[PDB]
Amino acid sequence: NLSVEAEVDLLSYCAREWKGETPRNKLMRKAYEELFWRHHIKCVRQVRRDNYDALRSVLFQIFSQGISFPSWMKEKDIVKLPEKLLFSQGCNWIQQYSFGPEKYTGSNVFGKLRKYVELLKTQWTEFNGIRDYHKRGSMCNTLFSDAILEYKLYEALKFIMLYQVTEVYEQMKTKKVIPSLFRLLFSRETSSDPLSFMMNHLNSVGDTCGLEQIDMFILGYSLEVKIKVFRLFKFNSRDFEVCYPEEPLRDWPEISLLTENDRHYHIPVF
């Protein structure tokens, strides 16, 4: 039931899961050994459930570590963002949101977005007002054992990503300075504008694909969290340690994730 599986000793998992003599398996065991001895990661919580796994892993880290709302949410109310885009964007524009695996075609994308975004606001607020990490831990095991609620929070996060994509696109069109990552996003045909991004990429997250690397950048930027990732299959190479985004002069909160294939992001436990 629990989608962020119970912790297992890193060296045990490494020895049991990656037994063998192939060049790839040998490299994987060296990577995990590096994680243990150099970075003092003692255990691992596996996150391999569905195509929301990237969002599942990041959200788990935010709540478990007690990270609060990003700065731009201080002034803007989260629950009003669906209305703002309903207003700024077209009535048909917003009705094209499909809610990933729901493959929704009903008549109120607006009501659903507002409800789900409200649930994320409520849940996130509850975690912010708890200083004891243990209490947050048990709450996470409860939350991530309720897949129906999980999906609603993930679609809320996907909407927040879409909102930031729409904000930054408007900045680019009005000749404002924007992050090079967003300018890169809009250079791709299938994501040249927020509508294309939603229909061709975001609508698929959780249904047939997970978050791509560029999507991890958008998520971190949107939540103002530095997502540090150990890419184990790239051990002994430049991109073994990566951060989404690469905003050195940010002073944002930071979370760490482990991945063997850029598809599933396991939780490092110290």
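Residues carry their position along the shown sequence, with the first being 1.
Of the two segments, 131-139 and 164-172, the one listed with the higher mean B-factor is 131-139 (C-alpha atoms only). As the entry records it, the average C-alpha temperature factor is higher for 120-128, out of 120-128 and 178-186.
You'll see in the entry that, of 198, 91, 157, 113, the Cα B factor peaks at 91. Per the deposited coordinates, the residue with the largest Cα temperature factor out of 58, 243, 47, 27 is 27. Among all modelled residues in this chain, the alpha-carbon of residue 257 has a temperature factor (C-alpha) in the lowest third. Residue 217: CA B factor lies in the lowest third for its chain, per the PDB record. Residue 207: CA B factor in the middle third of modelled residues in this chain (values from the PDB entry). In this PDB entry, the Cα temperature factor of residue 235 sits in the top third of its chain's modelled residues, the highest group. Sorting the modelled residues of the chain by their CA temperature factor places residue 82 in the middle third.
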